[PDB]
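Protein chains in written order, with PDB author numbering: chain A, 3 to 11, 16 to 154, 164 to 391; chain B, 17 to 154, 164 to 324, 327 to 390. Quick reminder that beta carbons are idealized off the backbone N, C-alpha and C, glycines included.
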Ligand SMILES: *[C@@H](NCCCCN)c1c(COP(=O)(O)O)cnc(C)c1O
Ligand SMILES: *[C@@H](NCCCCN)c1c(COP(=O)(O)O)cnc(C)c1O
Ligand SMILES: [Mg+2]
């Protein structure tokens, strides 16, 4: 569902419109336009906002080989959750030492597959999981994931029990991790977590256990959809302050996903047909909630939407997806100029938890991703 | 409950193929088809591929004498690849690109649906080749008003486009057959108005899908469900041929899901089990189909538990509160009535493998 252009030969600009129209002319709709310049911009902005933190890109929101290559070249590390993600980074020549595996609940095979690639950092949040590493004790170092509806992470008290048990079992503990949740708009969540982890690290030392080397602050850095979020520097300011209280012997990781990929993709769908229903014009698009807009369902999402056509009468409209399902609706009420069949509907901030969560329902073709600007 | 033989079959399948699995019983496909045929005498049944577009289901139904209801080029390619003659098919997507029409025609499917004049116009170029069903609604996304149906039928005559008849779809998992009856009465009246306007008489009524199945609560037996429907159809002229587009009724009961426990943890007074299938996989119907499936274990000291899917996402939970016996890693969680709008709406999120479908009793 993807190809690259390596040789090109609120309101959209004339240049953007031209690119969009040329792309539909060349490749046909629906499309996802991936701009590698934005991947780099986002990575650089986060690096500048969170100095002295190793950024492990979480493949989950957009596990795209071009994104992986772009980030590798930029100096990024990676956060893997499955054998499939291990295989993707392996195929793109990512050195295993740049990777961590963070799925807290793993089958024996999942551990073996990652180890075979060379990824040797894993996460545990319970004793049942810890036991799985006895057979691998020479080979691994573990992050213990804390939580403070949450599905993963143990309590601070449980974390100490896990760490003490790992010592008994001769299993190395690399450090602690947490994930405050995706699209977190309040940085105080990070601050409170960091303080708690710091206190846990102190308790480990006071108990005479090996001192922890690493804090992994997870993902969740927010981006703008239809509402303004805190600028990344301002967002990370209190985070940086909390981190500064850690011992100098602790180094810090994060697992950003959405922040890096979300702004980098623009969706393009076309109108297949249309009908007036109870005073609204319904447009039936070639992409929807079983496709690139699946984030409306799984990610509680809302994306800015626009049209190339602008000006004249704005009409109460409905944007429907292509499937036969009445649930497949992208915008229940939206003002739009009158569109003809074949006219384009554009979605912004379409990079994260979109195509990643697409289906093949009805066998409608998935949007094709077009990768731009990888080199230079 | 699971029978001793069901348990043996499930365990044997996991022994051979691993987990997660979807066990597809072709005998149940046959049974459901035969039961609906008996319940709705003289109605031609077009299986909707959408809920479960599996090659073995298509072959099984073809052999049974079934017809087919297609929505997309992909579905056209599926029945074609399984050798289904085009005359057993109808294409029912109301909103089509020119290519969608051409692809269906290439295969030989010549029956299409329209619910508006914009769509009707797409068929001028194919007037020699097509006959159309006009879809009424009485709900939200498709179907014109009875008054609009008349405008469409009249301008089709003007444009020299053939109208096969009328269609409707009252909605999936319709538990009250009285919605069909009201639909049928309204269509009967539209048919009368066509004749009274001096237009060509309509040959066909398509009553759509929506026949319900038992999930966690029982629904009315199919014979009883359809009794009032047959009564309503009996008031039609004897010359009208009746079609239906059952999906869920045929496929839903034919599949049993099998997942295994990858790991587990106590989280505030509940044991969480993390399965190898979930809301991004076979249980995607929890999201898209507003579904709830009966869930059981192979195994009496029922303890408060949560069933989570495999993905990292906190949304990926199958059951928030369920009483289960204590399970060990590797133990199985079994879902019933897992045939329809399940695997069909699976994703590849996190690159977790989709459950493998195992066809049983194919021959
Ligand atoms: C992502 N977790 C699931 C997000 C599901 C969205 N519908 C996750 C990330 C990346 O989160 P992000 O908000 O920066 O994209 C990082 N680390 C862990 C452990 C995650 O689960
Ligand atoms: C199915 N329509 C969408 C169902 C989405 C469920 N989440 C459909 C059918 C088959 O319906 P069923 O209830 O018998 O499976 C038949 N005909 C049409 C036109 C449909 O859209
Ligand atoms: Mg290392």
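Under 6 Å Cβ to Cβ from residue i, same chain only, skipping five residues before and after it: list those, please.
i                      : result
residue 376 of chain B : 305, 338
residue 282 of chain A : 38, 307, 362, 365
residue 65 of chain B  : 91
residue 98 of chain A  : 71, 74, 75
residue 149 of chain A : 129, 189, 190, 192, 231
To which residues of the same chain is residue i closer than 8 Å at the C-beta, ignoring the five residues directly before and after it?
i                      : result
residue 27 of chain A  : 323, 359
residue 199 of chain A : 205, 235, 236, 237
residue 18 of chain A  : 26, 321, 323, 361
residue 32 of chain A  : none
residue 100 of chain A : 74, 78, 84
residue 169 of chain A : 131, 132, 150, 151, 152, 153, 177
residue 50 of chain A  : 80
Using 8 Å as the limit for Cβ to Cβ distance, is residue i near chain A?
i                      : result
residue 325 of chain B : No coordinates exist for residue 325 of chain B; the numbering of chain B passes from 324 to 327 with nothing in between.
residue 335 of chain B : yes
residue 287 of chain B : yes
residue 192 of chain B : no
residue 36 of chain B  : no
residue 374 of chain B : yes
residue 332 of chain B : no
residue 365 of chain B : no
residue 342 of chain B : yes
residue 379 of chain B : yes
residue 165 of chain B : yes
residue 131 of chain B : yes
residue 182 of chain B : no
residue 318 of chain B : no
residue 290 of chain B : yes
residue 120 of chain B : no
residue 251 of chain B : no
Shorter than 8 Å from the beta carbon of residue i to some beta carbon of chain B?
i                      : result
residue 112 of chain A : yes
residue 91 of chain A  : yes
residue 109 of chain A : yes
residue 154 of chain A : no
residue 160 of chain A : Since chain A is numbered 154 and then 164, with no step between, residue 160 of chain A has no place in the structure shown.
residue 134 of chain A : yes
residue 204 of chain A : no
Which residues does DSSP pair with residue i in a beta bridge?
i                      : result
residue 62 of chain A  : A:83
residue 147 of chain A : A:127, A:187
residue 169 of chain A : A:152
residue 119 of chain B : Looking at the DSSP assignment, residue 119 of chain B forms no beta bridge with any residue, so it has no partner.
residue 280 of chain A : A:40
residue 3 of chain A   : DSSP, once it has assigned bridges, lists no residue as partnering residue 3 of chain A.
residue 107 of chain B : B:86
residue 386 of chain B : B:40
residue 266 of chain A : A:229
Is residue i a contact residue of ligand 2, with contact defined as CB to any heavy atom under 7 Å?
i                      : result
residue 91 of chain A  : no
residue 194 of chain B : yes
residue 273 of chain B : yes
Would you check whether ligand 3 has a heavy atom nearer than 7 Å to the C-beta of residue i?
i                      : result
residue 126 of chain A : yes
residue 375 of chain A : no
residue 401 of chain A : Missing from the structure shown is residue 401 of chain A; chain A here goes from 3 to 391 and no further.
residue 302 of chain B : no
residue 315 of chain B : no
residue 231 of chain A : no
Compute every distance between the C-beta of residue i and the non-hydrogen atoms of ligand 1, then say whether any falls below 7 Å.
i                      : result
residue 14 of chain A  : Coordinates for residue 14 of chain A are absent, as chain A skips straight from 11 to 16.
residue 83 of chain B  : no
residue 367 of chain A : yes
residue 251 of chain A : no
residue 66 of chain A  : yes
Leaving aside the five residues before and after residue i along the sequence, list all residues of the same chain whose C-beta is less than 7 Å from its C-beta, in chain order.
i                      : result
residue 58 of chain B  : 267
residue 347 of chain A : 333
residue 387 of chain A : 7, 39, 40, 41, 42
residue 310 of chain B : 316, 368, 369, 372
residue 278 of chain A : 44, 48, 238, 364, 366
residue 295 of chain A : 331, 332, 333
residue 224 of chain A : 178, 179, 182
Enumerated in chain order, which unbroken segments of the alpha helix (DSSP H) with a length of 4 residues or greater are wholly contained in the stretch 189 to 250 of chain B?
203 to 221
With a floor of 4 residues, list each alpha helix (DSSP H) that falls wholly inside the stretch 291 to 353 of chain A, ordered by position along the chain.
310 to 313
Only counting runs of 4 or more residues, tell me where the alpha helix (DSSP H) segments fall wholly within the stretch 37 to 61 of chain A, in order along the chain.
42 to 55
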